[PDB]
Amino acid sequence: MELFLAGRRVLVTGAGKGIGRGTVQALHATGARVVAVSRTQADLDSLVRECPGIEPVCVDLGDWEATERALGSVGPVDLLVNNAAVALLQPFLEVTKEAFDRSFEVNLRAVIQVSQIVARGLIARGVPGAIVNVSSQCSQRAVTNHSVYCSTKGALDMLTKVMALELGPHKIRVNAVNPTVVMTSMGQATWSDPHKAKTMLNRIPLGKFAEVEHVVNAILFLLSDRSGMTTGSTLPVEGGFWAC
């Protein structure tokens, strides 16, 4: 299958590591023009060396003001991967104002800002486009101590569909991909304990967790015009978890 991302400008948030990092590499090899947006300059330093030609951008996506002008004129992009996200785990009787606030500020608000920027250009150029929001499996099934997290994720999926519906006649697409645990900095944090991640794996018919590869493949797919009739969706990449 020819995905046809070559020669396309592609913005990727949270590019510093995990799924975003891999997603930028994977996008580079394909011959896309890549803009890597992340929080730790240290990470974007290494990236650009890995994948030459990719414009790095340091910024806290949780900062409206620092983001609006740190990308306000990042030029013409064609495809966007909203993947920067932080996960603050609290049992429900312990959730605090700060946790809540940081999470939605990065988890969803940024998504809205960048998507606003990127889409605004696309429309101006009178050109089609596409966006992928990295949601989650807990975006439709709750997990203990993730009341805020799952709220951002469930929040994300509905935002995805409004964007789809409003941007629809602008020929731009919006989809989300919802993987199970990924053994990233994030993944190698909570689900470290065997029994911990064991009880989770017992719910997955394929009996294994996702890899960056898997979720990157549905992203690439959802960016590609191979899925030109798919928009406002939640493509699971959780090994069947939602099915039972």
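Sequential numbering from 1, following the sequence displayed.
For the pair 56-64 and 43-51, the record assigns the higher mean C-alpha temperature factor to 43-51. Note on 67-75 vs 104-112: mean CA B-factor is higher in 67-75. Per the deposited record, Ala197 carries the highest C-alpha B-factor of all listed residues (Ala210, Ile204, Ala197, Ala176). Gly240 sits in the middle third of its chain by CA B factor, as recorded in the PDB entry.
When the modelled residues of the chain are ordered by C-alpha B-factor, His146 sits in the lowest third. Per the deposited record, the Cα B-factor of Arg120 falls in the highest third when ranked against the other modelled residues of its chain.
When all modelled residues of the chain are sorted by CA temperature factor, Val127 is found within the highest third. The deposited CA B-factor of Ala36 belongs to the middle third of values across its chain.
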